[PDB]
Protein chains: 2
Amino acid sequence: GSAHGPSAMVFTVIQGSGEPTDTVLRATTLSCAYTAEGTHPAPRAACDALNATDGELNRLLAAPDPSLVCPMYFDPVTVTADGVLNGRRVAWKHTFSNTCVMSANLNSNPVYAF
Amino acid sequence: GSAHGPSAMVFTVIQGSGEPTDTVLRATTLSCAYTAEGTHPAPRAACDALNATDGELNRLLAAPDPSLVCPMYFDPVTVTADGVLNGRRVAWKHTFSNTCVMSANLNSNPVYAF
């Protein structure tokens, strides 16, 4: 493992496409070291999930359960991830069509389980 | 106060000018609500300091103690602040000439007292 260093992150969920104006619906902090802590409700599970991506946070998204159905109205919701992970600076975001589509693609992934 | 919402941040100190490659020396998490918590060593004091800027983090820098002296070698160090503060998304950075210059301009400001 080439990546080694501090692991401190902030995750947010934004109502909109990520315009500086957009309302931030909710957010959590996360620190991963001897202890796994923050306002994140499942800190160790979120730390494990982040480590499993090997620093490429697009890997937090997964092919959805094929039996799930979503309405198709466009009401965008954006997830953000910023900070440091195993010593490398992280600045990541992803915009979903609506909350149903977000839930379908973000598994039950501990990272955005807040 | 127009700004209202979640307050969750990550602060880092980087060896260099802030290139994606640069080594992250240290980092802290901070959450400001009923409790002030995170890996930050003085959470409530850092929360108060952030609120005092009214969202403009350039206000974390102050005219230094005029009796301080620093070497002038260029060995840049960059501070970063990312997350959400009273509902508004924050993505801020500042590069100092060296660590002495950083210390002189960042007061004894609780935010970067880690």
# chains A, B, ... in the order shown; residues from 1 in each chain; ligands from 1
call {"tool": "closest_atom_pairs", "arguments": {"of": "chain A", "to": "chain B", "cutoff": "6 Å", "atoms": "only C-alpha atoms", "output": "Markdown table"}}
result
| residue | atom | partner | partner_atom | distance |
| --- | --- | --- | --- | --- |
| A:10 | CA | B:83 | CA | 5.9 |
| A:24 | CA | B:87 | CA | 5.6 |
| A:38 | CA | B:38 | CA | 5.8 |
| A:83 | CA | B:10 | CA | 5.9 |
| A:87 | CA | B:24 | CA | 5.6 |
call {"tool": "select_by_dssp", "arguments": {"residues": "chain A", "states": "strand (DSSP E)", "output": "PyMOL selection string"}}
result
chain A and resi 8-15+23-32+36-37+77-85+88-96
call {"tool": "write_last_selection", "arguments": {"atoms": "C-alpha atoms", "output": "PDB file, in the first residue's frame"}}
result
ATOM      1  CA  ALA A   8      -9.786  12.998   8.104  1.00  0.00           C
ATOM      2  CA  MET A   9     -12.876  13.666   5.998  1.00  0.00           C
ATOM      3  CA  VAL A  10     -16.127  15.576   5.780  1.00  0.00           C
ATOM      4  CA  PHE A  11     -19.108  14.188   3.811  1.00  0.00           C
ATOM      5  CA  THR A  12     -22.092  16.319   2.778  1.00  0.00           C
ATOM      6  CA  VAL A  13     -25.394  15.902   0.914  1.00  0.00           C
ATOM      7  CA  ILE A  14     -26.525  18.962  -1.074  1.00  0.00           C
ATOM      8  CA  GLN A  15     -29.990  19.847  -2.449  1.00  0.00           C
ATOM      9  CA  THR A  23     -28.560  24.236   0.525  1.00  0.00           C
ATOM     10  CA  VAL A  24     -26.486  21.650   2.434  1.00  0.00           C
ATOM     11  CA  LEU A  25     -29.040  19.134   3.791  1.00  0.00           C
ATOM     12  CA  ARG A  26     -26.719  17.173   6.114  1.00  0.00           C
ATOM     13  CA  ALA A  27     -23.075  16.449   6.870  1.00  0.00           C
ATOM     14  CA  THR A  28     -20.740  14.198   8.905  1.00  0.00           C
ATOM     15  CA  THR A  29     -17.088  14.201  10.032  1.00  0.00           C
ATOM     16  CA  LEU A  30     -14.872  11.098   9.991  1.00  0.00           C
ATOM     17  CA  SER A  31     -11.403  10.333  11.288  1.00  0.00           C
ATOM     18  CA  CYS A  32      -9.690   6.958  10.682  1.00  0.00           C
ATOM     19  CA  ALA A  36     -12.656   5.553  14.179  1.00  0.00           C
ATOM     20  CA  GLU A  37     -14.658   8.608  15.207  1.00  0.00           C
ATOM     21  CA  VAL A  77     -28.928  15.785  -5.081  1.00  0.00           C
ATOM     22  CA  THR A  78     -25.109  15.979  -4.796  1.00  0.00           C
ATOM     23  CA  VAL A  79     -22.794  14.053  -2.466  1.00  0.00           C
ATOM     24  CA  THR A  80     -19.376  15.518  -1.548  1.00  0.00           C
ATOM     25  CA  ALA A  81     -16.241  14.069   0.064  1.00  0.00           C
ATOM     26  CA  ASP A  82     -13.346  16.353   1.121  1.00  0.00           C
ATOM     27  CA  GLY A  83     -10.259  16.005   3.293  1.00  0.00           C
ATOM     28  CA  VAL A  84      -7.390  13.543   3.399  1.00  0.00           C
ATOM     29  CA  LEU A  85      -7.366   9.740   3.020  1.00  0.00           C
ATOM     30  CA  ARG A  88      -3.723  11.971  -0.078  1.00  0.00           C
ATOM     31  CA  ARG A  89      -5.928  15.061  -0.446  1.00  0.00           C
ATOM     32  CA  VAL A  90      -9.527  14.157  -1.472  1.00  0.00           C
ATOM     33  CA  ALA A  91     -12.019  16.530  -3.242  1.00  0.00           C
ATOM     34  CA  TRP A  92     -14.809  14.422  -4.721  1.00  0.00           C
ATOM     35  CA  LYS A  93     -18.443  14.927  -5.701  1.00  0.00           C
ATOM     36  CA  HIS A  94     -21.259  13.137  -7.586  1.00  0.00           C
ATOM     37  CA  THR A  95     -24.690  14.460  -8.649  1.00  0.00           C
ATOM     38  CA  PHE A  96     -27.679  12.069  -8.776  1.00  0.00           C
TER      39      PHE A  96
END
call {"tool": "atom_distance", "arguments": {"atom1": "CA of residue 48 (chain A)", "atom2": "CA of residue 35 (chain B)"}}
result
25.9 Å
call {"tool": "residues_around", "arguments": {"residues": "residue 113 (chain A)", "least_positions_apart": "5", "cutoff": "8 Å", "atoms": "only C-alpha atoms", "output": "PyMOL selection string"}}
result
chain A and resi 41-42+108
call {"tool": "closest_residue", "arguments": {"among": "A:70, A:45, A:33, A:57", "to": "residue 103 (chain A)", "atoms": "only C-alpha atoms"}}
result
A:70
call {"tool": "closest_residue", "arguments": {"among": "A:72, A:114, A:109, A:17", "to": "residue 60 (chain A)", "atoms": "only C-alpha atoms"}}
result
A:109
call {"tool": "atom_distance", "arguments": {"atom1": "CA of residue 63 (chain A)", "atom2": "CA of residue 1 (chain A)"}}
result
26.5 Å
call {"tool": "residues_around", "arguments": {"residues": "residue 64 (chain A)", "least_positions_apart": "3", "cutoff": "7 Å", "atoms": "only C-alpha atoms", "output": "JSON, numbers by chain"}}
result
{"A": [104, 105, 107]}
call {"tool": "write_last_selection", "arguments": {"atoms": "N, CA and C atoms", "output": "mmCIF file, in the first residue's frame"}}
result
data_model
loop_
_atom_site.group_PDB
_atom_site.id
_atom_site.type_symbol
_atom_site.label_atom_id
_atom_site.label_comp_id
_atom_site.auth_asym_id
_atom_site.auth_seq_id
_atom_site.Cartn_x
_atom_site.Cartn_y
_atom_site.Cartn_z
ATOM 1 N N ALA A 104 -30.222 4.136 -4.670
ATOM 2 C CA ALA A 104 -30.002 2.931 -5.488
ATOM 3 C C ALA A 104 -28.512 2.708 -5.809
ATOM 4 N N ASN A 105 -27.784 3.789 -6.129
ATOM 5 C CA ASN A 105 -26.373 3.686 -6.522
ATOM 6 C C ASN A 105 -25.400 3.730 -5.362
ATOM 7 N N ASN A 107 -25.555 1.948 -2.682
ATOM 8 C CA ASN A 107 -25.677 0.630 -2.032
ATOM 9 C C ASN A 107 -26.490 0.806 -0.760
#
